[PDB]
Amino acid sequence: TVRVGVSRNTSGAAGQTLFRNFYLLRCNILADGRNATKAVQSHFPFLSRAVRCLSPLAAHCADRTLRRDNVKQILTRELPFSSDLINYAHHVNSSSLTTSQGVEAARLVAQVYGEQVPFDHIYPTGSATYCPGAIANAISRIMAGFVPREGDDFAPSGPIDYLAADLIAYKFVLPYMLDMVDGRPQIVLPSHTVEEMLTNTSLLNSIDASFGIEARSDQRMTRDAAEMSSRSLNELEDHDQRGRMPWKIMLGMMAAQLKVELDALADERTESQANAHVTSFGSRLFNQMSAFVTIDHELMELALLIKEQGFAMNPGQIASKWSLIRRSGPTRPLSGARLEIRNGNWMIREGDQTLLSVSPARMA
Amino acid sequence: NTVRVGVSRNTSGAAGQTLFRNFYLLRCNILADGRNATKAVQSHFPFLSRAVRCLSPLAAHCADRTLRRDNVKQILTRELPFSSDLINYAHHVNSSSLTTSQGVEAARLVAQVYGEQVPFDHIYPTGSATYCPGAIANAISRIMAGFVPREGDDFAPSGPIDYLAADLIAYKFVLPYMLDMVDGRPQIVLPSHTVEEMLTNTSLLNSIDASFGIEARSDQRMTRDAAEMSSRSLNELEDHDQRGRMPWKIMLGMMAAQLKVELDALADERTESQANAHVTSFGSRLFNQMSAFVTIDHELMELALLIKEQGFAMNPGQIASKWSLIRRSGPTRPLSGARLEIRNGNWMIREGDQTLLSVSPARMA
Amino acid sequence: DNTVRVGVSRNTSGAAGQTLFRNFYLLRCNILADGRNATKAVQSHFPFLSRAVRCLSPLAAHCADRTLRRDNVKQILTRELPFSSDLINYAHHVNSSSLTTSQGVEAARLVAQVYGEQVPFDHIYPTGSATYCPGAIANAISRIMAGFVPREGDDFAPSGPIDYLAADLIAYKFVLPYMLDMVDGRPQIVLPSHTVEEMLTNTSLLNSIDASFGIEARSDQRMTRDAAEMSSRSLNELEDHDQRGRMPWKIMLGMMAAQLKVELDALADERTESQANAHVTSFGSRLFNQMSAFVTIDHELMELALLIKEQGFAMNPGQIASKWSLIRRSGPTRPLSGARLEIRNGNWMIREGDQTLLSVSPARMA
Amino acid sequence: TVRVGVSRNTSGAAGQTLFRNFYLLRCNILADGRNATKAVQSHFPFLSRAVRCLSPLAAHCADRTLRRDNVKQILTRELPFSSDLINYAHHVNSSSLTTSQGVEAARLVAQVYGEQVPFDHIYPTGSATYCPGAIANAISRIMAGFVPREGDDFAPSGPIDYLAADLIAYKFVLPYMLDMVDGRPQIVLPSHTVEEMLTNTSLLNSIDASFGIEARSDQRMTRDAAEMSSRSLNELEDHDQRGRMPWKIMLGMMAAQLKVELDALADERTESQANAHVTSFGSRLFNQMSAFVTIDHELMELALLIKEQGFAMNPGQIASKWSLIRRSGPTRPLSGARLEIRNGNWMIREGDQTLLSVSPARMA
Amino acid sequence: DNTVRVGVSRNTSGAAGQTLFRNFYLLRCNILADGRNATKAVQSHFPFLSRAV
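Residues numbered from 1 in each chain as written, not as in the entry; some residues may be left out. Chains lettered and ligands numbered in written order. Part of a larger assembly, values for the part shown. Heavy atoms only, no water.

S.K.: Sorry, what's going on with the overall build of chain E here?
M.R.: Counting its secondary structure elements, chain E contains 1 helix and 3 strands. Overall, chain E shows an N-to-C arrangement of helices and strands of β-β-β-α. Taking 2.2 N^0.38 as the reference for a compact globule, 53 residues should give roughly 10 Å; the C-alpha atoms of chain E span a radius of gyration of 17 Å, well beyond that estimate. If you line up chain E on its principal axes, its C-alpha atoms span 55 × 30 × 20 Å. Residue burial in chain E is summarised as follows: out of 53 residues, 17% are buried. Partitioning the intrachain contacts of chain E with sequence separation of at least 6 by distance along the chain shows that 2% fall at a separation of at least 24. Accessible surface computed for chain E: about 3,800 Å², of which carbon and sulfur atoms make up 54%. (Helix = DSSP H or I, 4+ residues; strand = E, 2+ residues; numbered from the N terminus. Rg over C-alpha atoms; globule rule 2.2 N^0.38 Å. Buried < 20%, exposed > 50% of the residue type's maximum accessible area, 1.4 Å probe, protein only. Contact = heavy atoms within 4.5 Å. Areas by Shrake-Rupley, 256 points an atom, 1.4 Å probe, with all protein chains shown as cover.)

The structure is reproduced here in structure tokens:
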């Protein structure tokens, strides 16, 4: 050549997602943006959407008028992706996304909402198995005023639940368990799996949560006693249309979906080893799942293992530890720990060292 | 030993001031110009801002569904309760400075479409020629938000939630405007009737239209008119029995009528107006805050044009005089030569190349 | 009922910001307080410099404007006090001494005589004048290469013929200018041995300038390394053709660099504003990152980049202005013969011993 | 039912502070209110508190009865902040805050007050090094009537020093030097460092200060007979209880603390570089240290340099300039300049140009 | 022993103000915020006209 041609090439990739065919465990991992080092960053879109759905109206306000997408062609494919079906609350027969446990809550929801809404596609009547995520999405959207059409659509025509309207003012949520200690209410660590509470609907009444507003004026009154700007789920006025039990069932059902998905991932050691190099997976998983720790003790053990390991664990180790937790049951004597709630947070402390802590969870 | 009860007078001494206490919308809070030497006193209308924010009733009333009892019964049932409080809690007031006879047919129309599901007598006494537009507007907003009123007591969050209030949650901006059938197709036109006339002939309210828009605030896409995707017009929403479109239009017109009657009554407050001749930001703030109602009415448009032509620096007495002149004289400026154009989502009037007026979407949340 | 959605009420209009050096064109900087994070080191951006480096592929840069903008240009340019930024944006000559330069008029005359026969070139470069605005010539030559036609008070004339190279540069997204000198009887890349003014005055020197163009494959590939350089062509390797404007492109590059140097020289006069904004520590870092396309062909810009890297990317306008003035007056600073030039990983590297004195990555043509 | 309404988040926060370990040079950063990207507003809280302590009773009056807060928590920790310790008059072994110069004055204070106060923790006897700020705070507290407890706290049990009861009436203070030129007293430039004349404690007799009132309301008049309504420290009637010598020792001690912190600032290169954008730092330091410039060599030179550079200097520049002043001795040719007094202001003039100007500081 | 007395400020700076028509002689004006009272009708003063009379 007349001149030398040393030059540039990138083949710069853009966009990436793995753990396909899952719903909550889907992660759109990407290279680190600003740092020159190509470390792997993570984010779970569907899990964030599920966490935000706890205020159903504010979560689904846009779709009542704006989106109105052509959903018909999506679900009518020969082999549509399960995640889209669960996002629109359609039952899927995949063994890796269903469980027989907790079917009593599904029957309760079917009989409490089936009388004014078609529900067979959401959950077939009398089926021993069900998809918890589908029922959670169905109850969320039905609270949001939508009506699940059989023909792959949601029609914004149904009545709006009172709790969905109430939850507009509150941006922050905090679930937890409770017990009748010394003839007074007091917060306790989770004593049951979500399976027991879904099966025992009466036992579900012990669940409670607290909501809080958002602002930017500096916090007043020592930043922890700002209590008139917060309310608890069970303290709200009782009403027929106020979906308290539907909301609790939604939370428990989402937690059960996460547990079932992790259990299914427990057998997926091949791809996890292929992607074991990602340890920020564990950190982002912990950050997004933090809302569910305070209701199930099995999830608490996984969170504790991740925290002790240093907020950095590979998917293979997560799978192995989840399987070990599921098989073993109560692994450690947690009675030595003490439960505290300071500066608005929720933490458990053994001795002086804080064993685990929980932060504000944003819902809208 | 003795009790330790006591008080310190912790207060700077110099504080703000409030003006036009009796008036509902035109009540304003005057604050000195910060720590600056300009000495141009700030002005702000709190109830007018709340009224404009009420156009999304659920988002504007979601807090009160849980977070207040506040002994409001004492406020309502005082010996001499503030008319602002009564009108805020959807209570009719017999004061001649806040009641009008025009548009009463629309008032009874809403009173009978909500007559049986609510004790509506205290909001609009049946058969009374006069009525308080602000009270009916607040009642419509509350009922649309999922409340039910009581006489003397607080609203009870017990009633059903209209579909329009739920739909409006996704949107933050609003822009009312009239419509007309020209060239066989609909096009935006300047206001042609007063809100009083258009309320008396309730069929005309079908001409009102408004378009809402989201607020993304991501530092991108600012100038793109592909944002037309993220918008919907009020008349474009699918019809439904519970979707209170006509109540919404009636509420907007009612708020505009309340502002009009208060401006009319302002002419009688000459003593306070002349005592407060030094607050020249009154006109500018009023022009900034009324921007949602100018696009629907003649006289508000004329007042806005006068304020802009006067440089925004005028006091309450000037505003009262100009409003009386507009009410008595009729259309003054020449609008045959004034073109109406929409550019980048702004309702503006252009004369040749000169922009006589520009209106931006109001903040509705 | 009657429905019109032409009323569009969306709004996404930012939080806050500021602009400095309004009278300037290239060094006009946009300042944004990074409220997203607690750290208060303000963020800086040079829009016109980014646009100028973007325009190295004129057709891909100017394609979007071939239809969209028809609102007004004369209303801005024919204003009472048109801004130098806008005028140079629309290839209009500007009378200000800070922007205009007297050296290197030969290249301006060359481009005027090449394109004057088929364009109203008088307003871009008045004939016989000693002072010319290099930014205006750069914008004019870019627009002509993109197929536009200037006008006295507008530029919306997408009617002229489109250059062959402007179409060739649609397939590429990354560019790396660099000097090339005849050494050891074979072609070889070398450090910049001349300032842009010397080679603009003596236009024969531009034959030594060279550039390399590269593709951006969007596939989810592993980061490609050497032996993928086959998907890349050098500017001088392209076969000769009359329409193909190589020398126009090189002149545009040199002219843009000269405009940057003139702006930097004029910055020293702006001591008042440089002092009033002494807290903008990101000025040096942002300018160092953005000018990276030009440092490979000029002595003084290379020295400025080297001193910036040595200092530590912490220069407010005053420090950079004073250092530029010192570099201009003194000229040579350090013994670069001790250092050596290397190319590795598609990057332009100058090194002494084992340390990397300055690293340049190819720019984003976009 | 269960009605445990635990509060949840309500707002966010903003602000920043630098130099955690330092005591006087700790600064609080706030973004400019008018526009978010203008010059940062810096402020030194502890330096202002030290300057306000020069009227100890008025500075500590509230703490006698009102703010009897929990102090045991702050002192009794694994790593209490040095600022808290120096604020409560505790010796600290930190090298950056301990100086070996003027220790004879420290033991002079100890033997003056050690007879009736547990002065061991303020200044351990026989220590070659000491904390000037701790001793200054101890002197201020003791003059205010407080007594430092052996159990690391303060109690208002001691007697009120007579000088503190006199400085209540005065709001403005202005230290300056004196000399017996031509057999008369006249104000002179600082000829000694505080660090050196705390050794020869006899030289403290040269120091003099002028106090005066914040007179009655008057919108325009620049004086209220400013000379008639003011008094000087050396003019007050003598009495044993008057802590005049302790007061001057406290002033010199605070100045020495500032100088040693400026010396230690040189090693803090990382935080200085990270805060290069903080140009208001130097202007604020010049504004607030104006009480100590009229008594020391090096502070005067530093103030002159700051004025020359235009009140815009990031911390690294100040560190370099202070190192240069310390290492090179007297650099500026002050011989060409003269002192003068203008309506109470203390200024240095060369020809007609005003090289420097100092106004009375505020005591409370 | 050695005493030199110096002055102090008569601070009333809370009454912030400014001036109008600085280039005029008589109509030069000084305006002061109402400090003693809460009302906001800014009080004014023409110094040079007072001096002239």
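S.K.: Can you help me understand the packing of aromatic side chains in this one?
M.R.: The way to describe two aromatic rings as a pair is by their centre distance and the angle between their planes. Residue and element names in this part refer to chain B. Taken as a whole and assessed by the stated rule, the structure comprises 34 aromatic pairs over all chains. With 6.3 Å between their ring centres and 35 degrees between their planes, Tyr89 and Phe155 make a pair best called tilted. Of this pair, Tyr89 sits in the loop between α4 (83–88) and α5 (104–113) while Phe155 sits in the loop between α6 (133–145) and α7 (163–167), and the two are 66 residues apart along the sequence. Just as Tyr89 is buried, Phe155 falls in that class too. Ring geometry for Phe212 versus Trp248: centroids 5.8 Å apart, planes at 90 degrees, classification edge-to-face. Residue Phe212 is found in strand β7 (residues 209–213), and its partner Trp248 is found in helix α9 (residues 245–266); the two are separated by 36 residues along the sequence. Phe212 gets classed as buried once you look at its relative accessible area, which sits at 1%. (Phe/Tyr/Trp six-rings, centres within 6.5 Å; stacked < 30°, edge-to-face > 60°.)

S.K.: Honestly, the interface of chain B and chain C in this entry has me stumped. Any pointers?
M.R.: One widely used convention gives an interface's size as the accessible area the parts lose upon coming together. Taken together, the contacts link 35 residues of chain B with 16 residues of chain C. Both faces combined, the contact of chain B with chain C buries some 2,300 Å², and carbon together with sulfur accounts for 49% of it. Here chain B and chain C share 2 salt bridges between them. B:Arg343 is the partner of C:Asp71 in a salt bridge, and the nearest nitrogen-oxygen pair spans 3.6 Å. Where chain B packs against chain C, one counts 11 residue pairs in polar contact. Broken down by secondary-structure element, the contributors of at least two residues to the side of chain B that touches chain C are β6 (185–187), β7 and β8 (231–233) of chain B. Residues that form the side of chain B that touches chain C fall into these classes: 13 nonpolar, 11 polar and 11 charged. (Buried area = accessible area lost by both parts, 1.4 Å probe. Salt bridge = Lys/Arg side-chain N within 4 Å of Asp/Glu carboxyl O. Polar contact = N/O pair within 3.5 Å; in protein donor to acceptor, adjacent residues only side chain to side chain. Nonpolar A, V, L, I, M, F, W, Y, C, P; charged D, E, K, R; others polar.)

S.K.: Please explain helix α12 (residues 297–309) of chain A as it appears in this structure.
M.R.: Three or four residues apart is the spacing at which side chains of an α-helix point the same way, because the helix has 3.6 residues per turn. Residues and elements named next belong to chain A. Taking 1.5 Å of rise per residue, 13 residues should cover 18 Å, and α12 covers 18 Å from first to last C-alpha, within 8% of that figure. A large share of α12 lies buried, amounting to 10 of its 13 residues. For α12, every residue scored as buried is listed here: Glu298, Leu299, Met300, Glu301, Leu302, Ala303, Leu304, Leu305, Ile306 and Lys307. Considering only its buried residues, α12 is in contact with α9 (244–266), α11 (280–289), α13 (315–328), β10 (346–350) and β11 (353–358). Residue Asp296 occupies the N-cap position of α12, its side-chain oxygen lying 2.7 Å from the main-chain nitrogen of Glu298. Once α12 ends, the next one or two residues include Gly310, with phi positive near 100 degrees. (Expected span 1.5 Å × (residues − 1).)

S.K.: Just to check I follow, could you spell out the sheet that holds strand β3 (residues 43–45) of chain E for this structure?
M.R.: As a general point, the strands of a sheet are linked pairwise by backbone hydrogen bonds and lie either parallel or antiparallel. All names here are of chain E. Taken together, the 3 strands give an open sheet; going across it, the order is β1-β2-β3, and neighbouring strands pair in antiparallel fashion. The sheet is open, and its two edges are formed by β1 (17–20) and β3, each paired on a single side. Strand after strand, the sheet turns through a mean of 25 degrees between neighbouring axes, direction not considered. (Pairing = 2+ DSSP bridges. Axes fitted to C-alpha atoms, helices over the stretch in contact; angles between N-to-C directions.)

S.K.: Can you help me understand the pairing of strand β9 (residues 338–342) of chain D in this one?
M.R.: The side chains of a regular strand alternate, first on one face of the sheet and then on the other. All names here are of chain D. Examined bridge by bridge, β9 and strand β10 (residues 345–350) share 5 bridges and lie antiparallel to one another. Across the sheet, the residue bridging to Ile341 is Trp346, located in β10. Where β9 folds back onto β10 in an antiparallel hairpin, the turn is made up of 2 residues, including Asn343, whose phi is positive at roughly 55 degrees.

S.K.: So what exactly am I meant to see when it comes to the interface of chain B and chain A here?
M.R.: Contact residues are listed per partner, giving 25 residues for chain B and 25 residues for chain A. Interface of chain B and chain A: buried area, both sides summed, is about 2,100 Å²; carbon and sulfur atoms make up 58% of it. Area buried by chain B at its contact with chain A is led by B:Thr66, B:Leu67 and B:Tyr163, which between them contribute 25% of it. For the interface between chain B and chain A, the tally reads 2 salt bridges. With a shortest N-O distance of 2.3 Å, B:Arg65 and A:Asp166 are connected by a salt bridge. If you look at where chain B meets chain A, you find 12 residue pairs in polar contact.

S.K.: Teacher, can you tell me more about the arrangement of the chains here?
M.R.: Across all C-alpha pairs, the smallest distance from chain B to chain D is 11 Å, and the two are not in contact. A gap remains between chain C and chain E, which never touch, and the nearest two C-alpha atoms on either side lie 25 Å apart.

S.K.: Can you help me understand the nonpolar core in this one?
M.R.: Note that soluble globular proteins tend to have their nonpolar side chains buried in a common cluster. Ranked by size, the top nonpolar core spans 227 residues in total, and within it A:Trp247, A:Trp346, B:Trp248, B:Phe293 and B:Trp347 carry the most contacts. With 12 residues, α9(B) is the single largest residue contributor to this core. Formed by 108 residues, the second largest nonpolar core is a distinct cluster that contains C:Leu49, C:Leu235, C:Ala258 and C:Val360. (Core = buried A, V, L, I, M, F, W, Y, C linked by side-chain atoms within 4.5 Å.)

S.K.: Please explain the pairing of strand β7 (residues 208–212) of chain D as it appears in this structure.
M.R.: Residues and elements named next belong to chain D. Of all 5 residues making up β7, 5 are buried, and the element is well covered by its neighbours. With 5 bridges connecting them, strand β5 (residues 172–179) and β7 associate as antiparallel partners. For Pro175, the partnering residue across the bridge sits in β7 and is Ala209.

S.K.: Hey, could you run me through the state of the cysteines in this one?
M.R.: Working definition: the covalent bond between the sulfur atoms of two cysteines is a disulfide. Counting across every chain of the model gives 0 disulfides over all chains. Free of any disulfide, B:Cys54 has its nearest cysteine sulfur in B:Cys62, 11 Å distant. We note that C:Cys55 lacks a disulfide partner, and the nearest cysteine sulfur, in C:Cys63, lies 11 Å from it. The exposure class assigned to C:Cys55 is buried, which follows from its relative accessible area of 9%. (Disulfide = S-S within 2.5 Å.)

Structural measurements only, silent on function.
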